[PDB]
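In: Sequence plus experimental coordinates follow:
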Amino acid sequence: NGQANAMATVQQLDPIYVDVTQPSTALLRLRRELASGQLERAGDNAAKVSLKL
Amino acid sequence: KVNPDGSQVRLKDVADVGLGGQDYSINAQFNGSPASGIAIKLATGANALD
């Protein structure tokens, strides 16, 4: 009862999460550009674009 | 340095790469304007004007 190692595994493939990484320097640079530098905001059309395998 | 989740650090957020001089010890100018030069010595037993 309650052993660590599993005996089998089930998973769902529809949909699929994908988690990417981003350095914090680009995030703070985008924050300092988004409000005082080159002012820009796309909107809900900037929800998501595609990925590459 | 990378990690298996995909996170990475490269040679641009820890250093600034640039094309520069191999040595900064010697530099010269000519009448105030900055200019490099090459100084020729003569081999032993060689003639000068030729």
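Out: Structure received. Residues are numbered from 1 along each chain as shown, chains lettered A, B, ... in the order given.
In: Now do the strands in chain B.
Out: For chain B, applying DSSP state E gives strands covering B:29-30, B:33-34.
In: what about the residue in chain B that chain A sits nearest to, distance to residue B:48?
Out: At 4.3 Å from chain A, residue B:7 is the closest residue in chain B, using Cβ to the nearest Cβ. To be clear about C-beta, it is placed using only N, CA and C from the backbone, and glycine gets the same treatment. In this structure, residue B:7 and residue B:48 are 66 Å apart, going by Cβ to Cβ, to the nearest Å.
In: higher neighbour count, the two?
Out: Between residue B:7 and residue B:48, counted using other Cβ atoms under 10 Å in any protein chain shown, the more crowded position is residue B:7 (12 against 5).
In: Was I right to think the more buried one contacts residue A:21?
Out: Yes: contact criterion Cβ atoms under 8 Å: residue B:7 and residue A:21 qualify, at 4.3 Å.
In: Near residue 3, how many other residues are there?
Out: Just going to use chain A. Neighbour tally, residue A:3, other Cβ under 10 Å: 6.
In: you looked at the wrong chain, it should be chain B
Out: Count around residue B:3 with other Cβ under 10 Å applied: 9.
In: Which positions in chain A make contact with chain B?
Out: A:19-21, A:23, A:25 (Cβ under 8 Å from any Cβ of the partner chain).
In: what's the residue of chain B closest to chain A in contact with, if anything?
Out: Contact partners of residue B:7, counting by Cβ atoms under 8 Å, 6 or more residues apart in numbering or on different chains, are residue A:21.
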